[PDB]
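Input: a single structure, listed below in structure tokens.
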Amino acid sequence: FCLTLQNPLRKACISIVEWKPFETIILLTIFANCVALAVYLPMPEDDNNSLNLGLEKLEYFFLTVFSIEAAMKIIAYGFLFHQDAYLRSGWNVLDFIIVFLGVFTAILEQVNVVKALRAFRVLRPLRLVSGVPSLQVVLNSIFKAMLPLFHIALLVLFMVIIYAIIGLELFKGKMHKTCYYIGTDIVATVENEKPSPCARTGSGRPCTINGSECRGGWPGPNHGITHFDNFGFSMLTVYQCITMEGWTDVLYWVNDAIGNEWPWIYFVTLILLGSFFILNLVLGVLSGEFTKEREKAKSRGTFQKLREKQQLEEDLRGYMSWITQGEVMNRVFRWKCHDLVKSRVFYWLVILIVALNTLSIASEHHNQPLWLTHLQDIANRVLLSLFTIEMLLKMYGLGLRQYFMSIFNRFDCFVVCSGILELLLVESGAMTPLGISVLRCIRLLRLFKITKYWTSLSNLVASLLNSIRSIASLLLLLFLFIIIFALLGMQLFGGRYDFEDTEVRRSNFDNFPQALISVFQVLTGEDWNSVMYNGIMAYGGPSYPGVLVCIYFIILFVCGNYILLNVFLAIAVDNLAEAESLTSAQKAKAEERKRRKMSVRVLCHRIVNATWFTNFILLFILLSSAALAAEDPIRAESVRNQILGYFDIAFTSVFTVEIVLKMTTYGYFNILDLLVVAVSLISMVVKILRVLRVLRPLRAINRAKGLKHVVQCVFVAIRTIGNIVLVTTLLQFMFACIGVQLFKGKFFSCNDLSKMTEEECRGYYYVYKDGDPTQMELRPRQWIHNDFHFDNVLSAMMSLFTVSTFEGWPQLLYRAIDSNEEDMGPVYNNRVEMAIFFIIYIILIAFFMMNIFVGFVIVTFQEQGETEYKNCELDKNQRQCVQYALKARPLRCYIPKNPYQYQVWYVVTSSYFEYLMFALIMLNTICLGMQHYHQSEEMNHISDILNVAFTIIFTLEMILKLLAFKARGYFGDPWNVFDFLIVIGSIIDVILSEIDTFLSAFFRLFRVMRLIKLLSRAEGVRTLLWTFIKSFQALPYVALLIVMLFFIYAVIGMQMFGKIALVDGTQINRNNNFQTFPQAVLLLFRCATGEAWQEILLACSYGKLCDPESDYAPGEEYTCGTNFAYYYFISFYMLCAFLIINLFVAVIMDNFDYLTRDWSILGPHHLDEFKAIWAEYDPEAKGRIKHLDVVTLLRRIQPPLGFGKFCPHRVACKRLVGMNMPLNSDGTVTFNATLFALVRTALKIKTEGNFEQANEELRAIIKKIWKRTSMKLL
Amino acid sequence: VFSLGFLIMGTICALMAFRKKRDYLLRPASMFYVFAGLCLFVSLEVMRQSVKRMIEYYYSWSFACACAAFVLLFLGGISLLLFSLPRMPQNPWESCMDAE
Amino acid sequence: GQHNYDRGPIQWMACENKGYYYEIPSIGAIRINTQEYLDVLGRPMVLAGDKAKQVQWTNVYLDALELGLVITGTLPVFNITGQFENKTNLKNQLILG
Ligand SMILES: *[C@@H]1O[C@H](CO)[C@@H](O[C@@H]2O[C@H](CO)[C@@H](O[C@@H]3O[C@H](CO)[C@@H](O)[C@H](O)[C@@H]3O)[C@H](O)[C@H]2NC(C)=O)[C@H](O)[C@H]1NC(C)=O
Ligand SMILES: COC(=O)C1=C(C)NC(C)=C(C(=O)OC)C1c1ccccc1[N+](=O)[O-]
Ligand SMILES: *[C@@H]1O[C@H](CO)[C@@H](O)[C@H](O)[C@H]1NC(C)=O
Ligand SMILES: [Ca+2]
Ligand SMILES: [Ca+2]
């Protein structure tokens, strides 16, 4: 028993009680407690229906069942020592908190005759992950992955703190002046415009409304929630911009108040550094973790579990095929028919009648003709019997048994049976008015018959199938996380949206279904912050307890998108590594079988090929591409547009000269050099040609052999991929054909939502402004039709595409829920259960199928660095440690002499000086965070007392490092160069702040950039930053393609969309237009992010009106815009999203050694600290040191590199003589070769006589030695 | 005064760093050319306010001169900095301030 | 208002008591539903026949057309269709105006 104590067994047969079902009645009790929290309905102001009263009478019964078992485990176990032991166990504490925190609130309630103590009850569903151990191990593989990510999450925090401080300084207090009607407190906005700032006499947007005056006192831009005028609001609004959701409205607001020309930089830089760079780092680290994890499994035993059972299944079906033809094998003709069926001809005539069906499905549209309807009923009843015949013929032609076995022949059974089941159901009089829709839904299955035609992902789909044990368990614990949060949302925000506005806040938290939907919308990121502003306003406002709701909102986005990395990416890094290894395994299975049955002309060329000559042309492409971008779109009669036209006729003479001279010497990429030159001379349909004039820049790529080689790689990335691109296209067609059968005819609405159809929606109706019934305006009413609808299949697909991008999916979802009937107007919450289609599509496309697309480009690039096979005597860990030992080079330290300077030298390099001065940067942060808006005047001057008192300190750590290090040794470190710059930059600011009052916000950033000095101490952050900054700088070509793409799109965009008018209320306004090249590029950047990118597409599609400064014949004011916007916008979103997964994966795979390092055994992190101890024995390098200090070097070393936590008398004395080393004069053994045998010992350890054999290997596979190994051989 | 003076001081670090085999010294010479760059850009902003508070405005001869000496000194200073700071290390073995 | 609370009991109350039911979701819906109950209250007047056709004179009020102070004498018109034979009566319990 080993009880270690005990009272007798007078009642302690409680350990007998607990056998099989008590573990499962208390698992059934807890599921009944989660349905009682679900069916609760939160009502405003203490109002309750009668089911909420009977549900708090259920809570008492659920409070004792959980409360007696919490006593029957403190008696089934033993006395109090046992209690402490239990405390160690995680599950008991969780199960004891919940039911001690449950009796605590039932008694303060029952005394009281607390509505925030009711909240802890939501914690109950976690008690359910306690009673399943198959889910307890899924949580630990979540939490284990967390440690590698720590250096990132510390870097994100120090990046929000810089831009919260900088942003605050730059934009503090600026956004408090909105437009107002004269002599009134009504804010004056246009119809679809939100309230944005003004400026009297500055650079901002002045009022241009008929009767408005710009005055201060406005609280701020989103009910005062967003702005930068203390530290908590500055940092809430920098965190929001980092998640790329609503970062342009902040930028637009900032311009409007401060001005247009500078604040683009703070935001663009933040987005680029803050999200894209960090996203790449996080993604790379996680992937490395997965590879390491895969490594621990596959080398242990997990390869043979999936190889045998895939071979023992394919040997089983071969064994069962030898049976099913045997027992199976009355007329010879039938056999002949079967043979014909096997015959290929039948495989090009199953694709004939399946292609009839796709066409039939796609031809459903709304308000179609009457012949088109009846042809689909003819072709259906034909192809049902054609589908009948094949099944009958197939099942009767090759055997009834082995028809059963196929993964696709089972479905061919299901088609014709439920094909005839509909044709028997309607043709009995039993359409059943929903079933005439519900039974038509199933002949949408016939387009799934082409799934067998792939034979390409037939390897991966199968792998996926095995894994539906492993697929499902993480999705189970993401689903248990959306429940807890939904319940929590219900507690904080249920019944709290009682705003007296007349506007619709439809993503609320009132039911459980609605709460769940709201929670899902915050995880997809979509419009998540406009869900948060309703929750700050449901509490007080932007006040002290009102804004602490925001932390709850933040946790759901951060900790909930940590699960979505471990789920989806785990799937896409593990199950696309088995299905690749097995593809190589079926490849080593492949050709080993097929080997068995087998067994004056000279001068011009020189000038042209001259290097000097090339650099004269590639700065005429640099001038001609600045002339395309300087063009003015609206006014063709400008002096600018004329005088740039002479720069057209300058250069395209010179590229002609390049062309004709090129066909003096020589007799695909040069058919592009012919075309560009002809286009200009022709252009001096003209309109179409001009767009084809921006491709001059592309030709520059041949010019650069790097740019030649990278367009080749991008073209290669289109080879292996286009089965994923095909599979997704076939599925985007299945959801678009379900969505047509569900939402066709139904996205119409009236202008006022009382008039339910088109015959009614005619006339005028009254709108009411700000919900005031005394103030109304007449507006005509029209039968509007949604801009994204499901009305033919092509239309349905566009909507689905927009939804995958996650932009506007919430609007579409709401439109879908309200949809009424075939041609009527909407009903509020008519069919809430049509969220299932959208959610399923999102999980299927945007989560799961795009993540085997990032997980595919990776694994076909791991093998780009693995198809090169290095089977020499030295493995991976040898190349990254011996080649480092060849090419190593010593540091410097500069220990000086003249002991007056040595006095200053040791004071500065101490630990308690690095502790003093990295505790004064921490005080300079807090003095800069204390700044706020409308602070006091005593707060106003001590901020200038303090900022002058910090500058005198940091000027005096700079003199102490000049005199000690003897300034040659001072500008040797790059961190003393940067620290010299932040010192001098803040002395001038002390001057320039004080010559101001004795008689520049850019210099006040020299106070905050001294916080970057905190990277000089953190070793692990800086090795992470250096690794990627090295790689981005080593791969500029990869990013170049993105830049080239932006340049090409911007040039086209000014040319088509350039003449829309900047009317405000639309999405082409004074912040978001295509008028200038810088503006167009900014607009494109907004698109990479996906901000309202569909909206912009809608804005510029033909119907739009041209600005008055353009020219057009009168009466034709409404004729600009173009329909090319659909292609252009779709194209940019797809080319920019493919070049971004090409850039991320290219940078993850140049640092694959850092990321799959496994820091336990060895790295260069030991090889660094060797030299940093060797720096104490070398002032400058000189090669060698004395032998008296060699034994004192080995005492300083970590034992995985040197010698142990033991005493060095036996092992470290004997080995240093016995293991080899070069013997020069007494105190001369070199740096370059002592480090060799010191790491040749720790691994790659060899016997004697073959000390030439390590030097034999160090010349073949190794990078050239350079002649330095002649002391590293000996 | 600071934009002119800083430039003069910067020269004294730069003129003395081409002799006696010292190149560390240049590092500060590139600092003062960014500062002399940015102390015209305050000047540029300071001169704009005078014309904005005071009848039209047009600059021809010496705003676009100094806005070509801002962009010269501000960007010939940052590039001289990165053309004198050693390199990004590019290899796991290498370190900044690496010998020779 | 726009809400999810159950409307069956309220409709039942209206039906039980010979009243009527009216929704109002919006401000523009207030004006025609808070005047519409006089179609119900006029019913036992249109079943009174000729006895209900009595002139009544209003309180003095300013004329819509700016005439000045005035009083109006009113009479209700009833919807009689197929009276000869008593054929319908489905909507014959409202006043024409
Ligand atoms: C006075 O009462 C009579 C009935 O007692 C009202 O006449 C009825 O008016 C309705 C209006 O909805 C007519 O119904 C319509 O029938 C047409 C077919 O012509 C159909 O297309 C419509 O959908 C609707 O069902 C109905 O014909 C008519 N009844 C009779 C018996 O004529 C009349 O409206 C009342 N007077 C006034 C001024 O309203
Ligand atoms: C990567 O390209 C995209 O940006 C996609 C997004 C965001 N949106 C939609 C729904 C896609 C689609 O369904 O393709 C048919 C594409 C897509 C995803 C994966 C593989 C291929 C494509 N594709 O074909 O464009
Ligand atoms: C703007 O308002 C003024 C004052 O009411 C009015 O006279 C003018 O007509 C309005 N704008 C135009 C273009 O008419
Ligand atoms: Ca988004
Ligand atoms: Ca968005």
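Note that the protein sequences, when read in sequence, are chains A, E and F. Going left to right, the first sequence walks through residues 32 to 144, 161 to 376, 418 to 687, 788 to 855, 867 to 883, 892 to 1206, 1232 to 1506 as the entry's author numbering numbers them. Going left to right, the second sequence walks through residues 112 to 165, 174 to 219 as the entry's author numbering numbers them. Here the third sequence is numbered in the entry's author numbering, starting from 392 and rising by one per residue. Ideal Cβ positions, reconstructed from N, Cα and C, are used throughout, including at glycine.
Who are the neighbours of residue i on chain F, taking C-beta pairs under 7 angstroms?
i         : result
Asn1036/A : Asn395
Is the Cβ of residue i closer than 8 angstroms to any Cβ of chain A?
i             : result
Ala439/F      : no
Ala443/F      : no
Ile401/F      : no
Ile415/F      : no
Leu204/E      : yes
residue 373/F : With chain F covering 392 to 488 only, the question about residue 373/F has no answer from this structure.
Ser161/E      : no
Answer yes or no: does any C-beta atom of chain E fall closer than 8 angstroms to that of residue i?
i         : result
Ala1095/A : yes
In the DSSP assignment, the alpha helix (DSSP H) including residue i goes from what residue to what residue?
i             : result
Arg1447/A     : 1443-1450
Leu1425/A     : 1422-1426
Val176/A      : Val176/A -> no alpha helix (DSSP H), and no H or E assigned at all.
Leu1093/A     : 1083-1094
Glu1164/A     : 1144-1172
residue 168/E : Here chain E breaks off after 165 and picks up again at 174, leaving residue 168/E without coordinates.
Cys638/A      : 638-646
Along chain E, in chain order, which residues have C-beta atoms closer than 9 angstroms to that of residue i?
i         : result
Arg1239/A : Ordered by position in chain E, no residue passes the 9 angstroms Cβ test against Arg1239/A, which lies about 15 angstroms from the chain.
Looking at the C-beta of residue i, does it have a partner C-beta in chain F at a distance below 8 angstroms?
i              : result
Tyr975/A       : yes
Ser961/A       : yes
residue 1515/A : Only positions 32 to 1506 of chain A appear in the structure, and residue 1515/A is not among them; the question remains open.
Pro172/A       : no
Which residues does DSSP list as the beta-bridge partners of residue i?
i         : result
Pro244/A  : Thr225/A
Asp1296/A : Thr1298/A
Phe955/A  : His992/A
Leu985/A  : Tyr973/A
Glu260/A  : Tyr227/A
What are the boundary residues of the beta strand (DSSP E) that includes residue i?
i         : result
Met620/A  : Per DSSP, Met620/A belongs to no beta strand (DSSP E); it is in the alpha helix (DSSP H), 616-626.
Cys1439/A : Neither: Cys1439/A is in no beta strand (DSSP E) and is coded neither H nor E.
For residue i and residue j, I'd like the C-alpha separation in whole angstroms.
i         : j         : result
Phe112/A  : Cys1088/A : 52 angstroms
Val875/A  : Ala246/A  : 47 angstroms
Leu1273/A : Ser1363/A : 15 angstroms
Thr1321/A : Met291/A  : 7 angstroms
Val442/A  : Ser551/A  : 27 angstroms
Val1066/A : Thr543/A  : 20 angstroms
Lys675/A  : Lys685/A  : 17 angstroms
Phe839/A  : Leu849/A  : 16 angstroms
Using the beta-carbon of each residue, which ones in chain A are nearer than 8 angstroms to residue i?
i        : result
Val153/E : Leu1199, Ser1232, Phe1234, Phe1235
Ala218/E : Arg1096, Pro1097, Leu1098, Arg1099, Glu1412, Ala1413
Just to make sure I have the definition right: I need the residues of chain A whose C-beta is within less than 7 angstroms of the C-beta of residue i. Which are they?
i        : result
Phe113/E : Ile1195
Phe193/E : Within chain A, no residue comes near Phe193/E; the closest Cβ sits about 11 angstroms away, beyond 7 angstroms.
Which chain E residues are close to residue i, counting only those with a beta carbon under 8 angstroms from its beta carbon?
i        : result
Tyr541/A : Those within 8 angstroms of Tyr541/A in chain E number zero; the least Cβ separation is about 49 angstroms.
> Which residues have a Cβ closer than 7 angstroms to any heavy atom of ligand 7, listed in chain order?
Replying inline: Questions concerning ligand 7 fall outside what the structure shown contains, since the ligands it does hold are ligand 1, ligand 2, ligand 3, ligand 4 and ligand 5.
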